[PDB]
Amino acid sequence: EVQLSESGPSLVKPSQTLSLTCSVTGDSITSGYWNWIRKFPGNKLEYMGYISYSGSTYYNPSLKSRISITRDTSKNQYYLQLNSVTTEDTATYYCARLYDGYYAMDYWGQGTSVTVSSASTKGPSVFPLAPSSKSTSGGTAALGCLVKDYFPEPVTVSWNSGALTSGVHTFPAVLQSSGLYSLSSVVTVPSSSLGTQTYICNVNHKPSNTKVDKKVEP
Amino acid sequence: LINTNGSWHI
Amino acid sequence: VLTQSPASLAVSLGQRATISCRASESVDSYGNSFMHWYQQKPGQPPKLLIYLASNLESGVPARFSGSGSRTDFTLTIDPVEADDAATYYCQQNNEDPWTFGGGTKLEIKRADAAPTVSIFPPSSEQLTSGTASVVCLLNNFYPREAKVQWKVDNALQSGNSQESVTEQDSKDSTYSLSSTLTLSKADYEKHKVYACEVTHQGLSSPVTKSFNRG
């Protein structure tokens, strides 16, 4: 199981330096090529560069002025540094392995969101969207959680700690005019079980070190 | 095949 | 530069899908084509489908297929399944610079489904904050186009609602949409009727869901 895990700050002030770390477990960076890739919010992908098995590097030309990739084979990590960031550099960043036989990028990490802004962090307020006669149709009732006024992105939501996944919809975030983000996560359940079963949404906003468990009742 | 500056050579 | 065509595309279950990747310059050298295909769904890293123009990654079903010349490549899914709803990217690493294609979003075309509409008044906890969010859920509809209209005491609302749409579900190919009407706490308790009017091809007539304050 070759596996890659990114890490680094969620929020960076403009003109400072972005420092991400890819920790590799399941094979050695002694061999193969080790890349950095970012995905802008418009959903375009852009290759950034790599460090190779021998320590050489190759960088996108639109970045040469300010990108640096290095590695530490004893920790089995490698590192991105991007100087003098602007809001244009807000993206999801991925690290990925490329190998000799295939010449393609075959193992990715999950990705880490990074925002460049002078604004400061803010944790979300989590309110229940409670089931009623106005949310119930057939044998089914809708309920959920509203996740309001957080910054920066992202937030993640589970229900009953991952033990309830069918019928779950967590919507993409919308940017309010207050400059803060907001989303909403709903699930449909059998209306009969509203009396007996407990429904808790788990809201995660790592940038502010927030976790809320909210119990949603009728 | 090794890669130098984004190009593959032998 | 790599140009994909089309930018969006729709296909019924069981048909053939063909995504095109156009290259500004030959990406062949040393007998291989340095052209690869990636699938990506929201919340997930890109996933390798096809490497070296035509080779299937292991783990990938044989339903996926790749085929290409020096500057013209194509990705083919036959037969397409519900799980195939995603965005597909082509990438080139023959020579400087290594670049990705603009992306192609594949939609699964299915029968019309009517939405199930729900309405949620603001909670007691949020009303203590001084803000009231009224949310309208459209669950499990198709196609994706839809219109949500907010009424407060049978009056049209404008500029105080936002919506967001899920991407097409990987099991039943439906969508879901939330609309959120935001008023101050002072304004929220000044009116009695709050209504959500949904217009959609799957409904014979517009459907209105509403509640009274209290």
# chains A, B, ... in the order shown; residues from 1 in each chain; ligands from 1
$ interface_residues --of "chain C" --to "chain B" --cutoff "8 Å" --atoms "only C-alpha atoms" --output "list in words"
residues 93, 94, 95, 96, 97 and 98 of chain C
$ write_last_selection --atoms "N, CA, C and O atoms" --output "short mmCIF file (atom, residue, chain, number, x, y, z; two decimals), in the first residue's frame"
data_model
loop_
_atom_site.label_atom_id
_atom_site.label_comp_id
_atom_site.auth_asym_id
_atom_site.auth_seq_id
_atom_site.Cartn_x
_atom_site.Cartn_y
_atom_site.Cartn_z
N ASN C 93 3.21 14.82 -20.25
CA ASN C 93 4.53 15.02 -19.67
C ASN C 93 5.65 14.67 -20.65
O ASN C 93 6.76 14.34 -20.22
N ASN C 94 5.37 14.73 -21.96
CA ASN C 94 6.43 14.52 -22.94
C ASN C 94 7.55 15.54 -22.79
O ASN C 94 8.73 15.18 -22.68
N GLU C 95 7.22 16.83 -22.79
CA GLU C 95 8.24 17.87 -22.72
C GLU C 95 7.73 19.05 -21.90
O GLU C 95 6.53 19.20 -21.66
N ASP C 96 8.68 19.88 -21.47
CA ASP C 96 8.38 21.10 -20.74
C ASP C 96 7.43 21.99 -21.53
O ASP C 96 7.71 22.30 -22.70
N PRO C 97 6.31 22.44 -20.94
CA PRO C 97 5.83 22.17 -19.58
C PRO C 97 4.88 20.98 -19.45
O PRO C 97 4.16 20.67 -20.41
N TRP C 98 4.86 20.34 -18.29
CA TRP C 98 3.87 19.32 -17.99
C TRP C 98 2.54 20.00 -17.69
O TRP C 98 2.47 20.84 -16.78
#
$ interface_residues --of "chain A" --to "chain C" --cutoff "6 Å" --atoms "only C-alpha atoms" --output "JSON, numbers by chain"
{"A": [45, 104, 106, 110, 129, 134, 135, 171]}
$ interface_residues --of "chain A" --to "chain B" --cutoff "10 Å" --atoms "only C-alpha atoms" --output "count of residues only"
12
$ select_by_dssp --residues "region 21-205 of chain C" --states "alpha helix (DSSP H)" --output "ChimeraX atom specification"
/C:124-129,185-188
$ select_by_dssp --residues "chain B" --states "strand (DSSP E or B)" --output "ChimeraX atom specification"
/B:2-4,7-9
$ residues_around --residues "region 67-82 of chain C" --least-positions-apart "4" --cutoff "7 Å" --atoms "only C-alpha atoms" --output "list in words"
residues 13, 14, 15, 16, 17, 18, 19, 20, 21, 22, 23, 25, 26, 27, 28, 33, 53, 54, 63, 108, 170, 171, 172 and 173 of chain C
$ atom_distance --atom1 "CA of residue 69 (chain A)" --atom2 "CA of residue 7 (chain A)"
14.7 Å
$ residues_around --residues "residue 70 (chain A)" --least-positions-apart "5" --cutoff "12 Å" --atoms "only C-alpha atoms" --output "count of residues only"
26
$ decode --residues "region 168-201 of chain A" --atoms "N, CA, C and O atoms" --output "PDB file, in the first residue's frame"
ATOM      1  N   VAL A 168     -27.067  10.520   2.567  1.00  0.00           N
ATOM      2  CA  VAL A 168     -26.403  11.709   3.088  1.00  0.00           C
ATOM      3  C   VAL A 168     -26.046  12.623   1.926  1.00  0.00           C
ATOM      4  O   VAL A 168     -25.474  12.177   0.925  1.00  0.00           O
ATOM      5  N   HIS A 169     -26.386  13.903   2.057  1.00  0.00           N
ATOM      6  CA  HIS A 169     -25.943  14.926   1.118  1.00  0.00           C
ATOM      7  C   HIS A 169     -25.347  16.087   1.896  1.00  0.00           C
ATOM      8  O   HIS A 169     -26.049  16.747   2.669  1.00  0.00           O
ATOM      9  N   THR A 170     -24.059  16.335   1.684  1.00  0.00           N
ATOM     10  CA  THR A 170     -23.383  17.530   2.170  1.00  0.00           C
ATOM     11  C   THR A 170     -23.130  18.429   0.970  1.00  0.00           C
ATOM     12  O   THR A 170     -22.431  18.032   0.031  1.00  0.00           O
ATOM     13  N   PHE A 171     -23.695  19.627   0.998  1.00  0.00           N
ATOM     14  CA  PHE A 171     -23.634  20.491  -0.166  1.00  0.00           C
ATOM     15  C   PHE A 171     -22.287  21.195  -0.254  1.00  0.00           C
ATOM     16  O   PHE A 171     -21.582  21.342   0.748  1.00  0.00           O
ATOM     17  N   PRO A 172     -21.901  21.637  -1.450  1.00  0.00           N
ATOM     18  CA  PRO A 172     -20.727  22.505  -1.564  1.00  0.00           C
ATOM     19  C   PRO A 172     -20.947  23.800  -0.803  1.00  0.00           C
ATOM     20  O   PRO A 172     -22.078  24.228  -0.562  1.00  0.00           O
ATOM     21  N   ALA A 173     -19.842  24.436  -0.433  1.00  0.00           N
ATOM     22  CA  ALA A 173     -19.925  25.667   0.331  1.00  0.00           C
ATOM     23  C   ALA A 173     -20.243  26.836  -0.588  1.00  0.00           C
ATOM     24  O   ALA A 173     -19.794  26.886  -1.736  1.00  0.00           O
ATOM     25  N   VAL A 174     -21.025  27.779  -0.072  1.00  0.00           N
ATOM     26  CA  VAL A 174     -21.295  29.038  -0.749  1.00  0.00           C
ATOM     27  C   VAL A 174     -20.578  30.141   0.013  1.00  0.00           C
ATOM     28  O   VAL A 174     -20.450  30.078   1.243  1.00  0.00           O
ATOM     29  N   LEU A 175     -20.081  31.133  -0.717  1.00  0.00           N
ATOM     30  CA  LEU A 175     -19.421  32.278  -0.105  1.00  0.00           C
ATOM     31  C   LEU A 175     -20.463  33.370   0.102  1.00  0.00           C
ATOM     32  O   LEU A 175     -20.987  33.931  -0.865  1.00  0.00           O
ATOM     33  N   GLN A 176     -20.762  33.670   1.363  1.00  0.00           N
ATOM     34  CA  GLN A 176     -21.678  34.753   1.670  1.00  0.00           C
ATOM     35  C   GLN A 176     -21.033  36.095   1.330  1.00  0.00           C
ATOM     36  O   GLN A 176     -19.848  36.185   0.997  1.00  0.00           O
ATOM     37  N   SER A 177     -21.832  37.156   1.425  1.00  0.00           N
ATOM     38  CA  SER A 177     -21.310  38.490   1.169  1.00  0.00           C
ATOM     39  C   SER A 177     -20.458  39.005   2.320  1.00  0.00           C
ATOM     40  O   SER A 177     -19.605  39.872   2.102  1.00  0.00           O
ATOM     41  N   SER A 178     -20.664  38.483   3.530  1.00  0.00           N
ATOM     42  CA  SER A 178     -19.808  38.750   4.682  1.00  0.00           C
ATOM     43  C   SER A 178     -18.401  38.181   4.541  1.00  0.00           C
ATOM     44  O   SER A 178     -17.610  38.312   5.482  1.00  0.00           O
ATOM     45  N   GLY A 179     -18.063  37.557   3.415  1.00  0.00           N
ATOM     46  CA  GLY A 179     -16.757  36.960   3.239  1.00  0.00           C
ATOM     47  C   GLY A 179     -16.549  35.637   3.943  1.00  0.00           C
ATOM     48  O   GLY A 179     -15.455  35.068   3.839  1.00  0.00           O
ATOM     49  N   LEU A 180     -17.552  35.129   4.650  1.00  0.00           N
ATOM     50  CA  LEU A 180     -17.464  33.844   5.326  1.00  0.00           C
ATOM     51  C   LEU A 180     -18.212  32.775   4.538  1.00  0.00           C
ATOM     52  O   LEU A 180     -19.109  33.063   3.744  1.00  0.00           O
ATOM     53  N   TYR A 181     -17.822  31.526   4.769  1.00  0.00           N
ATOM     54  CA  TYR A 181     -18.401  30.394   4.065  1.00  0.00           C
ATOM     55  C   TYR A 181     -19.507  29.747   4.888  1.00  0.00           C
ATOM     56  O   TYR A 181     -19.602  29.917   6.106  1.00  0.00           O
ATOM     57  N   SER A 182     -20.351  28.994   4.191  1.00  0.00           N
ATOM     58  CA  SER A 182     -21.531  28.390   4.785  1.00  0.00           C
ATOM     59  C   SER A 182     -21.920  27.183   3.949  1.00  0.00           C
ATOM     60  O   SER A 182     -21.882  27.240   2.717  1.00  0.00           O
ATOM     61  N   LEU A 183     -22.289  26.101   4.618  1.00  0.00           N
ATOM     62  CA  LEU A 183     -22.831  24.950   3.914  1.00  0.00           C
ATOM     63  C   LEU A 183     -23.885  24.306   4.803  1.00  0.00           C
ATOM     64  O   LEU A 183     -24.371  24.918   5.760  1.00  0.00           O
ATOM     65  N   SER A 184     -24.221  23.061   4.496  1.00  0.00           N
ATOM     66  CA  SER A 184     -25.431  22.429   4.990  1.00  0.00           C
ATOM     67  C   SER A 184     -25.385  20.967   4.588  1.00  0.00           C
ATOM     68  O   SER A 184     -25.047  20.644   3.445  1.00  0.00           O
ATOM     69  N   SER A 185     -25.699  20.074   5.514  1.00  0.00           N
ATOM     70  CA  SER A 185     -25.593  18.646   5.267  1.00  0.00           C
ATOM     71  C   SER A 185     -26.875  18.002   5.754  1.00  0.00           C
ATOM     72  O   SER A 185     -27.263  18.189   6.910  1.00  0.00           O
ATOM     73  N   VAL A 186     -27.524  17.247   4.875  1.00  0.00           N
ATOM     74  CA  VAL A 186     -28.805  16.634   5.183  1.00  0.00           C
ATOM     75  C   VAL A 186     -28.709  15.134   4.952  1.00  0.00           C
ATOM     76  O   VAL A 186     -27.835  14.637   4.238  1.00  0.00           O
ATOM     77  N   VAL A 187     -29.631  14.413   5.585  1.00  0.00           N
ATOM     78  CA  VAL A 187     -29.756  12.973   5.421  1.00  0.00           C
ATOM     79  C   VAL A 187     -31.236  12.637   5.511  1.00  0.00           C
ATOM     80  O   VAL A 187     -31.993  13.283   6.241  1.00  0.00           O
ATOM     81  N   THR A 188     -31.654  11.627   4.756  1.00  0.00           N
ATOM     82  CA  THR A 188     -33.009  11.107   4.849  1.00  0.00           C
ATOM     83  C   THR A 188     -33.011   9.792   5.614  1.00  0.00           C
ATOM     84  O   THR A 188     -32.171   8.919   5.370  1.00  0.00           O
ATOM     85  N   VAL A 189     -33.960   9.660   6.535  1.00  0.00           N
ATOM     86  CA  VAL A 189     -34.059   8.493   7.408  1.00  0.00           C
ATOM     87  C   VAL A 189     -35.509   8.030   7.415  1.00  0.00           C
ATOM     88  O   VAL A 189     -36.421   8.788   7.048  1.00  0.00           O
ATOM     89  N   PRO A 190     -35.756   6.781   7.806  1.00  0.00           N
ATOM     90  CA  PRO A 190     -37.138   6.347   8.042  1.00  0.00           C
ATOM     91  C   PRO A 190     -37.795   7.172   9.142  1.00  0.00           C
ATOM     92  O   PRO A 190     -37.276   7.280  10.256  1.00  0.00           O
ATOM     93  N   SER A 191     -38.947   7.762   8.811  1.00  0.00           N
ATOM     94  CA  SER A 191     -39.635   8.646   9.749  1.00  0.00           C
ATOM     95  C   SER A 191     -40.059   7.909  11.013  1.00  0.00           C
ATOM     96  O   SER A 191     -40.153   8.520  12.084  1.00  0.00           O
ATOM     97  N   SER A 192     -40.345   6.610  10.901  1.00  0.00           N
ATOM     98  CA  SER A 192     -40.723   5.824  12.072  1.00  0.00           C
ATOM     99  C   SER A 192     -39.647   5.887  13.151  1.00  0.00           C
ATOM    100  O   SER A 192     -39.955   6.024  14.341  1.00  0.00           O
ATOM    101  N   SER A 193     -38.380   5.788  12.754  1.00  0.00           N
ATOM    102  CA  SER A 193     -37.262   5.783  13.688  1.00  0.00           C
ATOM    103  C   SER A 193     -36.950   7.153  14.285  1.00  0.00           C
ATOM    104  O   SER A 193     -35.962   7.260  15.020  1.00  0.00           O
ATOM    105  N   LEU A 194     -37.736   8.196  14.001  1.00  0.00           N
ATOM    106  CA  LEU A 194     -37.436   9.502  14.582  1.00  0.00           C
ATOM    107  C   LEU A 194     -37.579   9.498  16.098  1.00  0.00           C
ATOM    108  O   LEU A 194     -36.878  10.250  16.785  1.00  0.00           O
ATOM    109  N   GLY A 195     -38.469   8.670  16.637  1.00  0.00           N
ATOM    110  CA  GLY A 195     -38.697   8.634  18.068  1.00  0.00           C
ATOM    111  C   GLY A 195     -37.614   7.915  18.845  1.00  0.00           C
ATOM    112  O   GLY A 195     -37.270   8.311  19.962  1.00  0.00           O
ATOM    113  N   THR A 196     -37.073   6.848  18.260  1.00  0.00           N
ATOM    114  CA  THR A 196     -36.184   5.937  18.968  1.00  0.00           C
ATOM    115  C   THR A 196     -34.709   6.147  18.657  1.00  0.00           C
ATOM    116  O   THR A 196     -33.867   5.888  19.522  1.00  0.00           O
ATOM    117  N   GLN A 197     -34.372   6.606  17.455  1.00  0.00           N
ATOM    118  CA  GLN A 197     -32.989   6.639  17.001  1.00  0.00           C
ATOM    119  C   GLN A 197     -32.393   8.030  17.171  1.00  0.00           C
ATOM    120  O   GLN A 197     -33.076   9.042  16.986  1.00  0.00           O
ATOM    121  N   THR A 198     -31.112   8.066  17.529  1.00  0.00           N
ATOM    122  CA  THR A 198     -30.367   9.301  17.735  1.00  0.00           C
ATOM    123  C   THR A 198     -29.586   9.639  16.471  1.00  0.00           C
ATOM    124  O   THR A 198     -28.899   8.777  15.912  1.00  0.00           O
ATOM    125  N   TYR A 199     -29.691  10.889  16.025  1.00  0.00           N
ATOM    126  CA  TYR A 199     -29.002  11.366  14.829  1.00  0.00           C
ATOM    127  C   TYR A 199     -28.104  12.537  15.203  1.00  0.00           C
ATOM    128  O   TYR A 199     -28.593  13.607  15.585  1.00  0.00           O
ATOM    129  N   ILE A 200     -26.795  12.331  15.091  1.00  0.00           N
ATOM    130  CA  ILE A 200     -25.792  13.335  15.423  1.00  0.00           C
ATOM    131  C   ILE A 200     -24.941  13.593  14.190  1.00  0.00           C
ATOM    132  O   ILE A 200     -24.391  12.654  13.605  1.00  0.00           O
ATOM    133  N   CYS A 201     -24.836  14.858  13.794  1.00  0.00           N
ATOM    134  CA  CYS A 201     -23.897  15.240  12.753  1.00  0.00           C
ATOM    135  C   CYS A 201     -22.583  15.665  13.395  1.00  0.00           C
ATOM    136  O   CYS A 201     -22.567  16.332  14.433  1.00  0.00           O
TER     137      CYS A 201
END
